[PDB]
């Protein structure tokens, strides 16, 4: 039930801090119990609201959030942007069919449709049902199974999606775009501070493909430097882009231009 999901949630209590407290705080708000802006610190305000929430619902009201309380939150919260508001595309594997979808996600998330259209194009040639034969990667945004979960747990409620054990929602174009936009926003906030410029589609794609931490180090690591030297992991994992045909290591500049090149093929 919602009980099994609440069952795997972290058992919280006053004093705790992190993503869980933040999710707790948000659900509280979305349930009518305001605890102010979600800051990730389980303090007094959150504690009181929890107790009161537990009392209003006949739950062991000691202030501790366990299976039953999580279950009650997933049941009473009201999504501020239910995903059904985002239309399904009238066809899979179709750029023209995904546009209206991306336009809706732009209005809902802020992220520009063109950027969304590019990503979907470079990741699944618009097949929102595709599953990479090489890894977890699935759907329009080729979400891995891991990051998808973390994405669904911190933003799902925002669009009315609590759990997705199978991670099967990645096959849903709507929720894929929504989560895609949220990931892009996360990443465009990590980058602008370091890149004295608005992160570009390629900057952003680099974070999407290699992760933000690495993209960060990379977008700031000396043009003529030997990438493989600074990104052994990625180089080993994607030698085709980090190594020349003869096996010599490419420079940072070359790798960048190759990537920008791959992105350049799915733009407007």
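Positions refer to the first chain, counted from 1.
**Q** Going by the mean C-alpha B-factor recorded in the entry, which is higher: 46-54 or 228-236?
**A** Going by the record's values, the stretch with the higher mean is 228-236.
**Q** 184-192 versus 131-139: which one carries the higher mean Cα B factor per the record?
**A** Going by the record's values, the stretch with the higher mean is 131-139.
**Q** Take the CA temperature factors straight from the PDB entry and tell me which of 68, 200, 61, 223 peaks.
**A** Each of 68, 200, 61, 223 was compared by C-alpha B-factor; the highest is 223.
**Q** Could you look up the Cα B-factor of residue 145 in the entry and say which third of the chain it sits in: lowest, middle or highest?
**A** Highest third, going by the recorded CA B-factors of the chain.
**Q** Which third, lowest, middle or highest, does the CA B-factor of residue 156 fall in along this chain?
**A** Middle third.
**Q** How does residue 92 rank on Cα B-factor within its chain, lowest, middle or highest third?
**A** Answer is highest: the recorded C-alpha B-factor places it there.
**Q** Going by the recorded CA B-factors, say which third of the chain residue 28 sits in, lowest, middle or highest.
**A** Middle third - that is where residue 28 ends up once the chain's C-alpha B-factors are sorted.
**Q** Looking at the C-alpha B-factor of residue 165, is it in the lowest, middle or highest third of its chain?
**A** Tercile = highest for this residue's CA B-factor.
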